[PDB]
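The structure under discussion appears below in the form of structure tokens.
Positions of Cβ are generated from backbone atoms using ideal geometry, with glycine treated the same way; all protein chains shown enter the neighbour counts. What is reported rests on the model, the rules as stated and the sources as named; no laboratory read-out is quoted.
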Ligand SMILES: CC(C)[C@@H]1CNC(=O)c2cc(-c3ccnc(NC(=O)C4CC4)c3)nn21
Ligand code: NA
Ligand code: NA
Ligand code: NA
């Protein structure tokens, strides 16, 4: 029905990011050719955005069109679960489309889906109970029935990994005392989700009932570890005495039940089943907050070191590591493995939680003990035939992880980057830790948008090396890949705006735009490549000037 000119304009509208507000003219255009648009699954979110849900005649027709639309993709369904959708039929449609995801993808979204329960009908949850262009770089830069609660519990009953995270994510929401004080009905809702969850597990078959007892075992274990950390952190004396107390309490299994337990899924990574904590290798970090390093004995004879923080809110780190995990999985789906280190983070309360400990050396220590990253690589991965006398595999891994983290920390606006938050493995993996400053916040004024340093660049042989050329190519390639998933990434951030995460809570209404602006969606792919190269070029020039 539309001509080539309106079809061109409709294509622009359907192309918009999920964040873009349609003008009155665009809404009218979308609504007029709604029947024409039923063929385009990507047009459905735009159409639903044109509906005045508070006008009954309009809602009725929008729901008829909803039933006739080419079904929308999983990633678009996340937009229908935000606070901007109340219509029960729309929200059920979202779950029906979300349900086509496999559990691997669902797990990538689950932190946000647990936030989205805030936007569901709280009575239904309760009732279920039983109560620009650089010419010289053109040629060198070629282009490459159920509601949400019922649904999540249903999938969790069938998948112990999903059940693990659903349990702990909900526990943390229940313990959020800001939510308790300021939004008591939301606190009640999360309690009811947990009661619904427990009730469903108790009704299941033999292994589903065992899942309930394993979550209880984990909760009890974590409670004991918290009791231990309180005892250690209040112990009289100095650090020697505190470490001795830490190890003595861990060694007293009859008292504390932390060093010799029947196999329990590790909350941090429930695929890993643990036999207890090794008493003799546990110590406190020197940090004044006294987190502990703890080595878990695993089912298969391994050791899994963690950081257990007590007295500290891990939720911002948890979100950032969950998003880095997602970005890594999206890049890998595009067959780009940049050797990233999305270490696990799991809050077990609003004031304690786990991080996966990655063996590595802080770059500041690399420099102080070996003088440079290349000297470090030459010491631990020598290769006579390799670049600068370093193993080609290690250098490749370094260039790739450098590019991946440059692009990812740029998108996430990570600040407070110093050489003790940058870690390096002897296999060449560079990675970032400690995400207390995100979305453009920095402890110093005028943080640069791009977080590079001379040491990284010298590590890849300087700006004229082959490795540096490959670094730049990996940067703009990862950038183009992540732009292609900007709808999904932005939809997930939109679900976090009411989370009590410090750097989001500061300006919830501006949070998603802080991320969107970094993708430069106003730029074509070709323009975006030159933008990213100007970013790197300007950053590196400043380092050496
Ligand atoms: C005092 C800490 C809690 C420190 C500060 N805040 C953090 O959030 C954090 C994350 C990590 C971390 C995560 C994964 N792996 C490592 N690995 C290493 O530290 C090896 C170099 C020795 C560190 N550390 N921190
Ligand atoms: Na299903
Ligand atoms: Na230990
Ligand atoms: Na895609």
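Residue-by-condition table, conditions (1) surrounded by 16 or more Cβ atoms within 10 Å (Cβ to Cβ); (2) over 14 Å from residue 195 (Cα atoms); (3) under 20 Å from the mean Cα position of the chain (by Cα); (4) within 16 Å of ligand 3 (Cβ to nearest atom):
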residue: 113; (1), (2), (3), (4): yes, yes, yes, no
residue: 117; (1), (2), (3), (4): yes, yes, yes, no
residue: 121; (1), (2), (3), (4): no, yes, no, no
residue: 127; (1), (2), (3), (4): no, no, no, no
residue: 140; (1), (2), (3), (4): no, yes, no, no
residue: 152; (1), (2), (3), (4): yes, no, yes, no
residue: 158; (1), (2), (3), (4): no, yes, no, no
> Tell me, which residue of the range 78-96 that is assigned to a helix (DSSP H, G or I) and over 22 Å from the mean Cα position of the chain (by Cα) is nearest to ligand 2 (Cβ to nearest atom)?
Replying inline: 96
> Residues in the range 141-163 that are more than 16 Å from residue 88 (Cα to Cα) and either touching a helix residue (DSSP H, G or I) at 6+ places or on another chain (Cβ under 8 Å) or part of a helix (DSSP H, G or I) (or both): how many?
Replying inline: 15
> Which condition number in (1) under 19 Å from residue 141 (Cβ atoms); (2) assigned to a loop (DSSP other than H, G, I, E, B) is the one that residue 420 fails?
Replying inline: (1)
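Would you kindly identify the helices (runs of 4 or more DSSP H) lying entirely within the range 448-545 that contain at least 3 residues that are more than 21 Å from residue 432 (Cα to Cα) and out of contact with any strand residue (DSSP E or B) (no Cβ under 6 Å at 6 or more places or on another chain)?
Values: elements: 454-459, 466-484, 486-494, 502-505, 508-519, 525-544.
Here the list reads 466-484, 486-494, 508-519, 525-544.
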>> Anything in the range 41-72 that is touching a helix residue (DSSP H, G or I) at 6+ places or on another chain (Cβ under 6 Å) and within 14 Å of residue 18 (Cα to Cα)? List them, or say none.
In response: 42, 43, 45, 46, 47, 50, 72
> touching a strand residue (DSSP E or B) at 6+ places or on another chain (Cβ under 7 Å) and closer than 21 Å to residue 462 by Cβ - does that describe any residue in the range 355-365?
Replying inline: yes
>> Just the residues that are under 20 Å from residue 343 (Cα atoms) and within 16 Å of ligand 3 (Cβ to nearest atom), please, taken from the range 300-315.
In response: 302, 303, 304, 305, 306, 307, 308, 309, 310
>> Restricting to the range 1-25, count the residues that are in contact with a helix residue (DSSP H, G or I) (Cβ under 8 Å, 6 or more places away or on another chain), part of a helix (DSSP H, G or I) and more than 24 Å from residue 489 (Cα to Cα).
In response: 2
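Test residue 150 against the stated conditions and say whether it is outside the structural domain of residue 522 (by CATH), in contact with a strand residue (DSSP E or B) (Cβ under 8 Å, 6 or more places away or on another chain) and within 16 Å of ligand 2 (Cβ to nearest atom).
Numbers: outside the structural domain of residue 522 (by CATH): yes; in contact with a strand residue (DSSP E or B) (Cβ under 8 Å, 6 or more places away or on another chain): no; within 16 Å of ligand 2 (Cβ to nearest atom): yes.
No.
So which of 347, 282 is more than 9 Å from ligand 1 (Cβ to nearest atom), more than 19 Å from the chain's Cα centre (by Cα) and crowded, with 16+ Cβ neighbours inside 10 Å? Outline the logic, then answer.
Working: 347 fails: more than 19 Å from the chain's Cα centre (by Cα).
The unique qualifying residue is 282.
Hey, can you tell me all the residues within the range 352-374 that are away from ligand 1 (no atom under 16 Å from the Cβ) and closer than 26 Å to residue 473 by Cβ?
Going residue by residue through the range 352-374, those that are away from ligand 1 (no atom under 16 Å from the Cβ) are 371-372, 374.
Selection gives 372, 374.
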> Would it be correct to say that residue 318 is more than 9 Å from ligand 3 (Cβ to nearest atom) and in contact with a helix residue (DSSP H, G or I) (Cβ under 7 Å, 6 or more places away or on another chain)?
Replying inline: no
>> Looking at 105, 134 in this structure, which one is within 16 Å of ligand 2 (Cβ to nearest atom), closer than 30 Å to residue 473 by Cα and in contact with a helix residue (DSSP H, G or I) (Cβ under 8 Å, 6 or more places away or on another chain)?
In response: 105
> If residue 509 passes every condition in (1) within 23 Å of residue 78 (Cα to Cα); (2) buried (at least 19 other Cβ atoms within 10 Å of the Cβ) but one, which one does it miss?
Replying inline: (2)
>> Looking at the range 259-299 only, could you name the residues that are more than 14 Å from ligand 3 (Cβ to nearest atom), touching a helix residue (DSSP H, G or I) at 6+ places or on another chain (Cβ under 7 Å) and outside any loop (DSSP other than H, G, I, E, B)?
In response: 264, 265, 270, 271
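The rows are residues; the columns are (1) within 16 Å of ligand 1 (Cβ to nearest atom); (2) within 29 Å of the chain's Cα centre (by Cα).
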position	(1), (2)
203	no, no
219	no, yes
239	yes, no
262	no, no
266	yes, yes
274	no, yes
277	no, yes
299	no, yes
> Do we find that residue 406 is under 30 Å from residue 493 (Cβ atoms) and touching a strand residue (DSSP E or B) at 6+ places or on another chain (Cβ under 6 Å) in this structure?
Replying inline: no
